[PDB]
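J.: Here you go, data-v3.txt (compact mmCIF, C-alpha atoms and all ligand atoms):
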```txt
# COMPACT_ATOMS: atom_id res chain seq x y z
CA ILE A 2 105.72 81.33 90.90
CA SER A 3 106.28 84.29 88.63
CA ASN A 4 109.83 83.94 87.28
CA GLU A 5 109.03 80.55 85.70
CA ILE A 6 106.03 81.99 83.85
CA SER A 7 107.65 85.24 82.69
CA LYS A 8 110.42 83.31 80.88
CA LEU A 9 108.02 81.22 78.80
CA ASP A 10 106.93 81.80 75.21
CA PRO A 11 104.66 78.80 74.68
CA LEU A 12 103.00 80.18 71.54
CA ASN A 13 106.25 81.54 70.02
CA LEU A 14 104.91 85.11 70.12
CA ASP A 15 108.10 86.97 71.12
CA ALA A 16 108.78 88.43 67.65
CA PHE A 17 105.08 89.27 67.31
CA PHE A 18 105.09 91.22 70.59
CA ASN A 19 107.91 93.40 69.27
CA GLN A 20 105.62 94.28 66.37
CA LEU A 21 102.46 94.60 68.46
CA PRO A 22 102.68 98.30 69.48
CA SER A 23 103.09 99.29 65.81
CA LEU A 24 100.41 96.84 64.70
CA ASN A 25 98.15 98.45 67.27
CA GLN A 26 99.24 101.96 66.25
CA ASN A 27 98.45 101.42 62.57
CA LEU A 28 95.13 99.68 63.42
CA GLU A 29 96.17 96.55 61.52
CA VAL A 30 93.26 94.41 62.64
CA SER A 31 93.99 91.74 59.98
CA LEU A 32 97.34 90.68 61.41
CA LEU A 33 95.69 90.46 64.84
CA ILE A 34 92.93 88.16 63.56
CA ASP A 35 95.34 86.17 61.38
CA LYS A 36 97.48 85.52 64.49
CA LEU A 37 94.48 84.30 66.53
CA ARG A 38 93.50 81.83 63.79
CA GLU A 39 97.11 80.68 63.39
CA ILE A 40 97.32 79.95 67.14
CA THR A 41 94.17 77.83 67.37
CA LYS A 42 95.60 75.70 64.51
CA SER A 43 99.30 75.57 65.42
CA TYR A 44 99.00 74.47 69.06
CA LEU A 45 97.09 71.83 70.96
CA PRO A 46 96.62 73.58 74.32
CA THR A 47 95.54 70.30 75.92
CA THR A 48 99.19 69.24 75.85
CA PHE A 49 100.27 72.28 77.91
CA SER A 50 101.62 72.34 81.46
CA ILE A 51 100.15 74.72 84.05
CA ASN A 52 102.94 77.27 83.62
CA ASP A 53 102.59 77.01 79.85
CA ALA A 54 98.87 77.71 79.92
CA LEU A 55 99.34 80.68 82.26
CA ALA A 56 101.85 82.29 79.92
CA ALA A 57 99.60 81.42 76.96
CA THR A 58 96.67 83.12 78.73
CA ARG A 59 98.88 86.19 79.14
CA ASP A 60 99.90 86.35 75.48
CA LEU A 61 96.62 85.29 73.85
CA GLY A 62 94.80 87.59 76.28
CA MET A 63 96.68 90.67 75.13
CA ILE A 64 96.19 89.91 71.42
CA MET A 65 92.50 89.41 72.26
CA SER A 66 92.42 92.69 74.19
CA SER A 67 93.96 94.42 71.12
CA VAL A 68 91.13 93.21 68.88
CA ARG A 69 88.50 94.26 71.41
CA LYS A 70 90.14 97.71 71.55
CA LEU A 71 89.05 98.33 67.95
CA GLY A 72 85.54 97.31 69.01
CA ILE A 73 85.41 93.75 67.62
CA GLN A 74 84.47 90.91 69.95
CA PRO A 75 87.49 88.63 69.29
CA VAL A 76 85.85 85.25 70.04
CA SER A 77 82.83 86.22 67.92
CA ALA A 78 85.24 86.69 64.99
CA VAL A 79 87.60 83.77 65.56
CA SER A 80 84.99 81.25 66.67
CA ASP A 81 87.63 78.52 67.25
CA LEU A 82 89.08 80.58 70.12
CA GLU A 83 86.31 79.42 72.42
CA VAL A 84 87.42 75.81 72.84
CA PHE A 85 91.07 76.90 72.88
CA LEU A 86 90.30 79.19 75.82
CA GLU A 87 88.10 76.49 77.36
CA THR A 88 91.08 74.12 77.37
CA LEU A 89 93.41 76.80 78.78
CA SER A 90 90.92 77.58 81.54
CA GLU A 91 90.76 73.90 82.56
CA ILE A 92 94.52 73.63 83.02
CA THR A 93 94.88 76.98 84.81
CA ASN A 94 91.60 76.90 86.77
CA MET A 95 91.51 80.67 86.06
CA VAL A 96 89.39 82.89 83.77
CA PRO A 97 90.11 82.61 79.97
CA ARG A 98 91.48 86.16 80.03
CA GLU A 99 94.55 88.01 81.22
CA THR A 100 94.63 89.77 84.57
CA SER A 101 97.10 92.09 86.23
CA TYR A 102 98.98 88.94 87.29
CA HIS A 103 99.80 88.18 83.64
CA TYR A 104 100.25 91.89 82.90
CA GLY A 105 102.71 92.53 85.73
CA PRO A 106 104.56 89.79 87.64
CA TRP A 107 104.16 87.15 84.90
CA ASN A 108 105.12 89.72 82.25
CA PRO A 109 108.89 89.43 81.56
CA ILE A 110 111.16 92.35 82.38
CA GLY A 111 113.17 93.94 79.59
CA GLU A 112 113.23 93.24 75.85
CA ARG A 113 110.55 90.52 75.99
CA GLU A 114 108.09 92.68 77.96
CA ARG A 115 104.58 92.45 76.50
CA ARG A 116 103.10 95.91 75.92
CA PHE A 117 100.03 97.14 74.07
CA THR A 118 101.57 100.44 72.88
CA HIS A 119 104.82 102.35 72.33
CA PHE A 120 103.85 105.03 74.89
CA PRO A 121 106.20 105.04 77.93
CA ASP A 122 103.19 105.79 80.11
CA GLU A 123 102.20 102.13 79.74
CA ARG A 124 105.27 101.20 81.78
CA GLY A 125 103.67 103.03 84.72
CA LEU A 126 100.88 100.46 84.98
CA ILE A 127 103.03 97.37 84.37
CA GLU A 128 105.67 98.36 86.91
CA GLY A 129 102.87 99.39 89.26
CA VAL A 130 101.28 95.97 89.53
CA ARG A 131 104.54 94.06 89.03
CA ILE A 132 105.81 95.69 92.26
CA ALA A 133 102.53 95.73 94.19
CA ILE A 134 101.53 92.08 93.80
CA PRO A 135 104.49 90.16 95.35
CA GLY A 136 104.45 92.37 98.46
CA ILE A 137 100.69 92.14 99.05
CA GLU A 138 100.94 88.37 98.72
CA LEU A 139 103.62 88.21 101.41
CA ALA A 140 101.55 90.53 103.58
CA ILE A 141 98.56 88.25 103.00
CA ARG A 142 100.36 85.21 104.40
CA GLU A 143 101.72 87.14 107.39
CA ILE A 144 98.39 88.82 108.20
CA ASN A 145 96.66 85.44 108.23
CA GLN A 146 98.99 84.36 111.09
CA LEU A 147 97.92 87.22 113.38
CA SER A 148 94.62 85.45 114.11
CA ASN A 149 96.41 82.67 116.02
CA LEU A 150 98.73 84.86 118.10
CA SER A 151 98.18 87.05 121.16
CA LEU A 152 98.66 90.83 121.16
CA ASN A 153 100.91 90.28 124.18
CA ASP A 154 103.21 88.03 122.13
CA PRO A 155 106.02 90.00 120.42
CA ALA A 156 105.57 87.61 117.49
CA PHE A 157 102.28 89.39 116.75
CA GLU A 158 103.89 92.83 116.48
CA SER A 159 106.78 91.52 114.39
CA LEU A 160 104.38 89.85 111.93
CA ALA A 161 102.27 92.99 111.57
CA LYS A 162 105.44 95.07 111.06
CA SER A 163 106.68 92.69 108.37
CA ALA A 164 103.24 92.95 106.75
CA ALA A 165 103.16 96.76 106.86
CA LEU A 166 106.64 96.64 105.33
CA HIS A 167 105.48 94.34 102.52
CA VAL A 168 102.38 96.45 101.79
CA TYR A 169 104.71 99.42 101.15
CA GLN A 170 105.51 97.68 97.86
CA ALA A 171 102.02 98.71 96.73
CA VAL A 172 102.94 102.28 97.72
CA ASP A 173 106.10 101.99 95.66
CA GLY A 174 104.04 100.62 92.76
CA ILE A 175 101.46 103.40 92.80
CA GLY A 176 104.20 106.00 93.17
CA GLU A 177 105.83 104.51 90.07
CA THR A 178 102.56 104.97 88.19
CA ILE A 179 102.07 108.56 89.32
CA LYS A 180 105.48 109.54 87.99
CA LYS A 181 105.26 107.57 84.72
CA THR A 182 101.64 107.60 83.53
CA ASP A 183 100.00 110.75 82.26
CA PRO A 184 96.28 110.75 83.12
CA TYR A 185 95.40 112.04 79.64
CA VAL A 186 97.63 109.56 77.77
CA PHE A 187 96.19 106.74 79.87
CA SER A 188 92.55 107.59 79.08
CA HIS A 189 93.13 108.16 75.39
CA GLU A 190 95.81 105.54 74.64
CA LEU A 191 95.87 102.80 77.32
CA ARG A 192 92.43 102.42 78.93
CA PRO A 193 90.71 101.13 75.72
CA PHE A 194 92.91 98.01 75.91
CA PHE A 195 91.22 96.87 79.14
CA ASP A 196 87.61 96.37 77.99
CA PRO A 197 85.23 93.42 78.51
CA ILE A 198 85.48 90.31 76.32
CA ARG A 199 82.63 87.82 75.65
CA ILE A 200 83.82 84.20 76.01
CA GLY A 201 81.32 81.33 76.11
CA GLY A 202 78.25 83.38 76.99
CA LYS A 203 80.05 85.35 79.70
CA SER A 204 81.80 88.70 79.76
CA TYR A 205 85.30 88.99 81.30
CA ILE A 206 86.53 92.42 82.37
CA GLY A 207 90.04 93.40 81.31
CA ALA A 208 93.14 93.74 83.46
CA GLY A 209 92.81 96.13 86.38
CA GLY A 210 94.74 97.67 89.26
CA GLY A 211 91.96 96.38 91.53
CA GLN A 212 93.02 92.81 90.64
CA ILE A 213 96.10 93.02 92.85
CA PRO A 214 95.10 91.00 95.94
CA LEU A 215 94.97 94.06 98.17
CA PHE A 216 91.28 93.39 98.75
CA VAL A 217 92.31 90.05 100.30
CA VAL A 218 94.31 92.06 102.86
CA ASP A 219 91.22 94.19 103.51
CA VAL A 220 88.89 91.23 104.05
CA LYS A 221 91.17 89.51 106.56
CA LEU A 222 92.45 92.64 108.32
CA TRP A 223 89.34 94.80 108.76
CA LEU A 224 86.29 94.05 106.57
CA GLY A 225 85.66 90.39 107.45
CA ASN A 226 81.92 89.57 107.63
CA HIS A 227 80.79 92.91 109.09
CA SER A 228 79.48 94.80 106.03
CA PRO A 229 77.34 92.11 104.35
CA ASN A 230 75.62 94.28 101.73
CA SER A 231 78.51 96.68 101.02
CA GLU A 232 79.36 97.59 97.45
CA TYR A 233 82.91 96.67 98.43
CA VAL A 234 81.72 93.12 99.23
CA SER A 235 80.07 92.86 95.80
CA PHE A 236 83.32 93.87 94.06
CA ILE A 237 85.20 91.30 96.15
CA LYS A 238 82.51 88.73 95.38
CA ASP A 239 83.02 89.44 91.68
CA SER A 240 86.82 89.28 92.12
CA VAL A 241 87.22 85.98 94.04
CA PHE A 242 87.39 83.78 90.97
CA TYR A 243 89.72 86.08 89.04
CA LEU A 244 92.40 85.60 91.70
CA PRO A 245 94.86 82.71 91.27
CA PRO A 246 93.35 79.60 92.92
CA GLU A 247 96.02 79.67 95.65
CA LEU A 248 94.34 82.81 97.11
CA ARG A 249 90.63 81.88 96.88
CA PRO A 250 90.19 79.90 100.16
CA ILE A 251 91.84 82.64 102.27
CA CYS A 252 89.48 85.18 100.73
CA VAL A 253 86.38 83.01 101.11
CA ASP A 254 87.29 82.17 104.71
CA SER A 255 87.92 85.79 105.60
CA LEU A 256 84.58 86.96 104.11
CA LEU A 257 82.84 84.43 106.38
CA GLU A 258 84.81 85.18 109.55
CA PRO A 259 85.26 88.21 111.84
CA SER A 260 88.31 90.28 110.92
CA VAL A 261 91.63 90.28 112.78
CA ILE A 262 91.13 93.85 114.02
CA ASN A 263 87.56 93.14 115.20
CA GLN A 264 88.78 90.19 117.29
CA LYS A 265 91.89 92.03 118.51
CA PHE A 266 89.56 94.90 119.42
CA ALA A 267 87.83 92.40 121.70
CA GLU A 268 90.88 90.74 123.19
CA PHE A 269 92.31 94.19 123.98
CA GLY A 270 89.27 95.17 126.04
CA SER A 271 89.37 91.90 128.00
CA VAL A 272 93.00 91.16 128.91
CA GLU A 273 95.73 92.72 131.00
CA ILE A 274 96.79 95.62 128.77
CA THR A 275 100.60 95.27 129.03
CA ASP A 276 103.28 97.18 127.13
CA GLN A 277 103.57 94.51 124.46
CA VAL A 278 99.80 94.53 123.93
CA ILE A 279 99.90 98.21 122.95
CA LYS A 280 102.86 97.64 120.63
CA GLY A 281 100.81 94.81 119.11
CA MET A 282 97.76 97.01 118.59
CA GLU A 283 100.05 99.76 117.33
CA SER A 284 101.38 97.37 114.70
CA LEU A 285 97.82 96.89 113.42
CA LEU A 286 97.39 100.63 112.99
CA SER A 287 100.77 100.73 111.23
CA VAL A 288 99.49 98.27 108.61
CA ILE A 289 96.36 100.32 108.10
CA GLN A 290 98.34 103.55 107.75
CA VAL A 291 100.42 101.91 105.02
CA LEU A 292 97.15 101.17 103.22
CA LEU A 293 96.22 104.87 103.50
CA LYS A 294 99.55 105.98 102.00
CA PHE A 295 98.44 103.96 98.98
CA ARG A 296 94.78 104.87 98.69
CA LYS A 297 95.26 108.65 99.14
CA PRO A 298 97.63 109.18 96.16
CA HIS A 299 95.75 106.52 94.19
CA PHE A 300 92.52 108.51 94.65
CA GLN A 301 94.03 111.76 93.34
CA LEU A 302 95.40 109.93 90.29
CA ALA A 303 92.11 108.32 89.25
CA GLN A 304 90.49 111.68 89.98
CA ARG A 305 92.75 113.53 87.51
CA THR A 306 92.29 110.72 84.95
CA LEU A 307 88.48 110.86 85.15
CA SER A 308 88.07 114.63 85.17
CA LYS A 309 86.08 116.19 82.31
CA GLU A 310 89.39 117.35 80.84
CA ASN A 311 91.26 114.03 80.89
CA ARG A 312 88.63 111.24 80.96
CA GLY A 313 88.40 110.78 77.16
CA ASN A 314 85.62 108.36 76.25
CA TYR A 315 85.33 106.67 79.65
CA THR A 316 83.82 107.38 83.06
CA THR A 317 84.87 104.05 84.65
CA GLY A 318 87.85 101.82 85.33
CA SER A 319 88.13 98.44 83.65
CA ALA A 320 85.97 96.91 86.42
CA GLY A 321 83.12 99.33 85.70
CA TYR A 322 83.31 101.69 88.68
CA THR A 323 83.85 105.42 89.05
CA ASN A 324 86.10 107.17 91.55
CA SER A 325 83.17 106.90 93.98
CA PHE A 326 84.32 103.31 94.56
CA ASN A 327 87.83 104.35 95.61
CA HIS A 328 86.38 107.08 97.80
CA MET A 329 84.30 104.40 99.54
CA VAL A 330 87.22 101.99 100.06
CA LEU A 331 89.34 104.90 101.33
CA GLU A 332 86.68 106.07 103.81
CA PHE A 333 86.29 102.49 105.11
CA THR A 334 90.05 102.42 105.69
CA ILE A 335 90.14 105.92 107.22
CA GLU A 336 87.33 104.98 109.61
CA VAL A 337 89.29 101.89 110.67
CA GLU A 338 92.21 104.16 111.57
CA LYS A 339 89.85 106.27 113.68
CA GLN A 340 88.54 103.22 115.58
CA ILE A 341 92.06 102.03 116.41
CA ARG A 342 93.13 105.55 117.39
CA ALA A 343 90.19 105.54 119.82
CA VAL A 344 90.96 102.16 121.43
CA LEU A 345 94.52 103.45 121.93
CA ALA A 346 93.75 106.96 123.25
CA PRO A 347 94.64 106.04 126.87
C1 LIG A 401 96.01 106.08 85.43
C2 LIG A 401 96.12 105.10 86.33
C3 LIG A 401 94.95 104.51 87.16
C4 LIG A 401 93.64 104.86 87.17
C5 LIG A 401 92.90 105.97 86.37
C6 LIG A 401 92.94 103.99 88.12
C7 LIG A 401 91.60 104.01 88.43
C8 LIG A 401 90.90 103.09 89.19
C9 LIG A 401 89.46 102.91 89.17
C10 LIG A 401 88.50 103.75 88.28
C11 LIG A 401 89.15 101.93 90.04
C12 LIG A 401 87.74 101.39 90.34
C13 LIG A 401 87.64 99.92 89.89
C14 LIG A 401 87.52 99.87 88.39
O1 LIG A 401 86.47 100.32 87.87
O2 LIG A 401 88.43 99.34 87.70
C15 LIG A 401 90.37 101.44 90.64
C16 LIG A 401 90.49 100.45 91.60
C17 LIG A 401 91.69 100.04 92.13
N1 LIG A 401 92.92 100.28 91.55
FE1 LIG A 401 93.44 101.90 90.24
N2 LIG A 401 93.89 103.14 88.65
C18 LIG A 401 95.13 103.42 88.10
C19 LIG A 401 96.31 102.74 88.40
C20 LIG A 401 96.42 101.75 89.37
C21 LIG A 401 97.59 100.95 89.67
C22 LIG A 401 98.90 101.07 88.86
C23 LIG A 401 97.30 100.11 90.70
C24 LIG A 401 98.21 99.06 91.40
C25 LIG A 401 99.55 99.16 91.44
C26 LIG A 401 95.94 100.38 91.11
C27 LIG A 401 95.26 99.75 92.13
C28 LIG A 401 93.90 99.72 92.34
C29 LIG A 401 93.23 99.10 93.47
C30 LIG A 401 93.93 98.34 94.61
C31 LIG A 401 91.90 99.28 93.35
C32 LIG A 401 90.81 98.76 94.34
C33 LIG A 401 90.27 99.90 95.22
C34 LIG A 401 91.24 100.24 96.34
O3 LIG A 401 91.82 99.30 96.94
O4 LIG A 401 91.44 101.45 96.64
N3 LIG A 401 95.43 101.38 90.28
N4 LIG A 401 91.42 102.18 90.10
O1 LIG A 402 92.54 99.79 87.73
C1 LIG A 402 91.75 100.31 86.89
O2 LIG A 402 90.57 99.89 86.76
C2 LIG A 402 92.25 101.44 86.02
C3 LIG A 402 93.75 101.31 86.00
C4 LIG A 402 94.17 100.17 85.11
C5 LIG A 402 93.51 99.69 83.98
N1 LIG A 402 94.22 98.68 83.49
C6 LIG A 402 95.32 98.47 84.24
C7 LIG A 402 96.37 97.54 84.13
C8 LIG A 402 97.40 97.55 85.05
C9 LIG A 402 97.39 98.48 86.09
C10 LIG A 402 96.36 99.40 86.21
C11 LIG A 402 95.32 99.39 85.27
```
Mind converting the file's structure to C-alpha cells?
T.:
Amino acid sequence: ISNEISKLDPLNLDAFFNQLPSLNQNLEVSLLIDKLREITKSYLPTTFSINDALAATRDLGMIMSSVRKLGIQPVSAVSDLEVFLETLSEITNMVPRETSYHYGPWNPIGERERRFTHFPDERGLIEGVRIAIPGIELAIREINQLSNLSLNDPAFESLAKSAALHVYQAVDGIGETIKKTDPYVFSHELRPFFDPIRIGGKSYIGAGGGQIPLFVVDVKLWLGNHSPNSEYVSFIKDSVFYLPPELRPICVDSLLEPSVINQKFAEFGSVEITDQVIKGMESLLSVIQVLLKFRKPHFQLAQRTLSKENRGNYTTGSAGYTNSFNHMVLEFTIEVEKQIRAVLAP
C-alpha cells in the first residue's frame, strides 16, 4: 500500500534529497559515497519493518543509482553496502534495488519527492509510472476474474469495462510523459541514472517504464502459454522477480495457463451466441484497444528518443532493449485486435 510507504523517511534522507539534484549536477561523488558509508553505520536494517525497508530501498537505491551514473559501481566502492542490501532484500522479498514502484507510487508527492535532477522533464517519468501503476493493478485483479465468468453473464462485460477503464490510467501516464519529457533531455540527462548495478555477484537493471505490471495484464489477457519461446516471454521471465511479491503468483499462473481471450475464443464458438455474449466479447476488444492507445504513442516517443539525433550515448532502455521490443509487443497486441475483430465480424 503506497501511501504508507511514500510518507516514510526511515534513513532520515529528506534534507539530503533536496540537495541531491545539485549534488548530482556538480558531480560531487564524495558526498554520495560519504552518505552511503554513513547509512551502513547509522542504521541496523534488521530492525526495520516491511514498509520501512521498502522506503529504504527507494532512497538508498537512488543514491546508489547516482553513483553508478558517474560510472562507479557503488557496492564495489562501499563494500559494506552488500550486507545492508542483503538484509533489506530479506525483509522486502524484493531485489536490492529501486524499481518504478519506488520511483513512482512509493515516491512522495510534492516537496519530499525524490528526484535525480533539477530538470522538469524528470517529472514526466515519475508522474507517468505513478499514474500507470495503480490502475494496471486494479485492472489485473478484475481481469483475473473474467476466467471464472461466462460471456453471457453481464458481470463479465462489466468487469472487462472496469478493467479497460483502469488501464486508461496508463494512457494518462504516458500522455503525461509525452507532454513533459523532452526526448533529448531524457537521453542526455535522465537515462544515465537507470543503469545496471552489481550487488552480490548479480547485476540489477535500473528503474524502467517496463516495470509497471502491464505485462501481467498481457500474460493473463492474451499471451498466456501460447508463445513459449517469444522474446516477450523472456522479458517477462526476467521481470517476474522484480515485481512486488503480491503479483508473482498471478504472473506465474498466467504464463502456465491459456489466456482469457483464447478460452473465450473457444466458448464463443461453442455456445448459443446471445446478445450479452457479443457485448462480453466486445468488452474484451475494448480492453485491448485501450492497450493500443498506450503502445502507439509510447512507440513514437521511444522512437524520437532513440533516433540518431536524440539518442545520446545509448541505444537501449534501462532493460537493455531497443525500440524493436516495443514494436514486437505492439504487433502482438495489434494482431490480437485483428483476431477478435474476425470472431465478431458476423
Ligand atoms: C522518454 C521516455 C521513454 C522512453 C525513451 C522509453 C523507452 C522504452 C524502451 C527502450 C523500452 C524497452 C525496454 C527497455 O529496454 O527498457 C520500453 C519498454 C516499456 N516502457 Fe517505455 N520509455 C519511456 C517512458 C515510459 C513511461 C513513462 C512508461 C510508463 C508510464 C513506459 C512504459 C513502458 C512499458 C509498459 C514497456 C514494456 C513494453 C510495452 O508494454 O509496450 N515507458 N520503453
Ligand atoms: O522504460 C525504459 O526503459 C526507458 C524509460 C525509463 C527509464 N527509466 C524510467 C523511470 C521511470 C519511467 C520511465 C523510465
J.: Write out as a Markdown table a residue-level contact list of chain A versus ligand LIG 402 (chain A) with cut-off 6 Å: for each qualifying residue the closest pair of atoms and the distance in Å to one decimal, counting all atoms listed in the file, rows sorted by chain and residue number upward.
T.:
```
| residue | atom | partner | partner_atom | distance |
| --- | --- | --- | --- | --- |
| A:101 | CA | A:LIG402 | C8 | 5.6 |
| A:126 | CA | A:LIG402 | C9 | 4.2 |
| A:127 | CA | A:LIG402 | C8 | 5.7 |
| A:130 | CA | A:LIG402 | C9 | 5.8 |
| A:192 | CA | A:LIG402 | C5 | 5.8 |
| A:195 | CA | A:LIG402 | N1 | 5.6 |
| A:208 | CA | A:LIG402 | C7 | 5.0 |
| A:209 | CA | A:LIG402 | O1 | 3.9 |
| A:210 | CA | A:LIG402 | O1 | 3.4 |
| A:211 | CA | A:LIG402 | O1 | 5.1 |
| A:318 | CA | A:LIG402 | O2 | 3.6 |
| A:319 | CA | A:LIG402 | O2 | 4.2 |
| A:320 | CA | A:LIG402 | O2 | 5.5 |
```
J.: Could you please take those selected residues and save C-alpha atoms as a CSV table (one decimal), in the frame of the given file?
T.:
```csv
chain,number,residue,atom,x,y,z
A,101,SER,CA,97.1,92.1,86.2
A,126,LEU,CA,100.9,100.5,85.0
A,127,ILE,CA,103.0,97.4,84.4
A,130,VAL,CA,101.3,96.0,89.5
A,192,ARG,CA,92.4,102.4,78.9
A,195,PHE,CA,91.2,96.9,79.1
A,208,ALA,CA,93.1,93.7,83.5
A,209,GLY,CA,92.8,96.1,86.4
A,210,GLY,CA,94.7,97.7,89.3
A,211,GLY,CA,92.0,96.4,91.5
A,318,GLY,CA,87.8,101.8,85.3
A,319,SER,CA,88.1,98.4,83.6
A,320,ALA,CA,86.0,96.9,86.4
```
J.: Report the closest atom pair, with its distance in Å rounded to one decimal, for each residue of chain A that has an atom no farther than 8 Å from ligand LIG 401 (chain A); count only C-alpha atoms and all ligand atoms, sort by chain and then rising residue number, and write it as a tab-separated table.
T.:
```
residue	atom	partner	partner_atom	distance
A:125	CA	A:LIG401	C22	6.6
A:126	CA	A:LIG401	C22	4.4
A:127	CA	A:LIG401	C22	7.1
A:128	CA	A:LIG401	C22	7.5
A:129	CA	A:LIG401	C25	4.0
A:130	CA	A:LIG401	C25	4.1
A:131	CA	A:LIG401	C25	7.5
A:132	CA	A:LIG401	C25	7.2
A:133	CA	A:LIG401	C25	5.3
A:134	CA	A:LIG401	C25	7.7
A:171	CA	A:LIG401	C25	5.9
A:172	CA	A:LIG401	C25	7.8
A:174	CA	A:LIG401	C25	4.9
A:175	CA	A:LIG401	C25	4.8
A:177	CA	A:LIG401	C22	7.8
A:178	CA	A:LIG401	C22	5.4
A:179	CA	A:LIG401	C2	7.5
A:182	CA	A:LIG401	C1	6.1
A:183	CA	A:LIG401	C1	6.9
A:184	CA	A:LIG401	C1	5.2
A:187	CA	A:LIG401	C1	5.6
A:188	CA	A:LIG401	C1	7.4
A:209	CA	A:LIG401	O2	5.6
A:210	CA	A:LIG401	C26	3.5
A:211	CA	A:LIG401	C31	3.4
A:212	CA	A:LIG401	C30	6.9
A:213	CA	A:LIG401	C30	6.0
A:214	CA	A:LIG401	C30	7.6
A:215	CA	A:LIG401	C30	5.7
A:216	CA	A:LIG401	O3	6.2
A:295	CA	A:LIG401	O4	7.8
A:296	CA	A:LIG401	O4	5.2
A:299	CA	A:LIG401	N3	6.5
A:300	CA	A:LIG401	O4	7.4
A:302	CA	A:LIG401	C5	6.1
A:303	CA	A:LIG401	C5	3.8
A:304	CA	A:LIG401	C5	7.2
A:305	CA	A:LIG401	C5	7.6
A:306	CA	A:LIG401	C5	5.0
A:307	CA	A:LIG401	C5	6.7
A:316	CA	A:LIG401	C10	7.9
A:317	CA	A:LIG401	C10	5.1
A:318	CA	A:LIG401	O1	3.3
A:319	CA	A:LIG401	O2	4.2
A:320	CA	A:LIG401	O2	3.7
A:321	CA	A:LIG401	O1	4.1
A:322	CA	A:LIG401	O1	3.5
A:323	CA	A:LIG401	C10	5.0
A:324	CA	A:LIG401	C10	5.3
A:326	CA	A:LIG401	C12	5.8
A:327	CA	A:LIG401	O4	4.7
A:328	CA	A:LIG401	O4	7.7
A:330	CA	A:LIG401	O4	5.5
A:331	CA	A:LIG401	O4	6.2
```
J.: Measuring between all atoms listed in the file, which one of A:136, A:75, A:105, A:246 shows the shortest distance to residue A:124?
T.: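 Selected residue with least distance to residue A:124: A:105.
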J.: Need to verify the contact set: residue A:118, 10 Å, all atoms listed in the file, exclusion of same-chain residues closer than 6 positions in sequence. Can you return it as an MDAnalysis selection string?
T.: chainID A and resid 20:26 67 124 190:191 194
J.: Measuring atom to atom with all atoms listed in the file, identify which of A:202, A:347, A:11, A:259 is nearest to residue A:228.
T.: A:259
J.: Tell me which of A:197, A:109, A:313, A:176 sits closest to residue A:4, counting all atoms listed in the file.
T.: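 Answer, going by the shortest atom-to-atom distance: A:109.
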J.: Between A:149, A:263, A:277, A:66, which residue has the minimum interatomic distance to residue A:340, considering all atoms listed in the file?
T.: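 Checking each of A:149, A:263, A:277, A:66 against residue A:340, counting all atoms listed in the file, the winner is A:263.
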J.: Env of residue A:76: 9 Å cut, atoms = all atoms listed in the file, seq-sep filter 4 positions within chain, self excluded. Answer as an mmCIF file with C-alpha atoms, keeping the file's coordinate frame.
T.:
```cif
data_model
loop_
_atom_site.group_PDB
_atom_site.id
_atom_site.type_symbol
_atom_site.label_atom_id
_atom_site.label_comp_id
_atom_site.auth_asym_id
_atom_site.auth_seq_id
_atom_site.Cartn_x
_atom_site.Cartn_y
_atom_site.Cartn_z
ATOM 1 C CA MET A 65 92.500 89.410 72.260
ATOM 2 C CA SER A 80 84.990 81.250 66.670
ATOM 3 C CA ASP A 81 87.630 78.520 67.250
ATOM 4 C CA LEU A 82 89.080 80.580 70.120
ATOM 5 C CA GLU A 83 86.310 79.420 72.420
ATOM 6 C CA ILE A 198 85.480 90.310 76.320
ATOM 7 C CA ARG A 199 82.630 87.820 75.650
ATOM 8 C CA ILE A 200 83.820 84.200 76.010
ATOM 9 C CA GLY A 201 81.320 81.330 76.110
#
```
